[PDB]
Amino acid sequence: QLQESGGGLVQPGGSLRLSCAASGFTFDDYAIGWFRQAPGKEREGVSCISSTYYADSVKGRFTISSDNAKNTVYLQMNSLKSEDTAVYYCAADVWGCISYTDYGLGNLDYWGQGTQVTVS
């Protein structure tokens, strides 16, 4: 089970920390990260961890991290911007982080239900 937490409203330039608690499924044999979707837009890969990946538009501001003890994944989102407004879904993948990039196809293993993030 993937259940994300930490969404909400934020002023531009502020910070948010997302969480994704991984229930069950081996913490070490999976890659886990985040996708985000604007209205009417395709689910965009944001960041991932196995080794890390960040999409360009969030590189340098967002920091992803893992707490193996708590089987959770944290995405620290600093210097937020209006364009970062989207529903954010975490996702897990057997294979690795390449599914989160512009090259991957979007076929991810497991997902969460999505959490809302608006910045304005």
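Numbers follow the displayed sequence, beginning with 1.
- In the deposited sequence, the stretch from residue 50 to residue 51 hides 4 to 9 residues that have no coordinates.
- Across the two stretches, 34 to 42 and 88 to 96, the PDB entry reports the greater mean Cα temperature factor for 34 to 42.
- Look at the mean CA B-factor for 75 to 83 and for 62 to 70 in the entry; the higher one is 62 to 70.
- Sort the chain's modelled residues by C-alpha temperature factor and residue 115 lands in the middle third, per the entry.
- Among the modelled residues of its chain, residue 21 has a C-alpha B-factor that falls in the highest third according to the deposited record.
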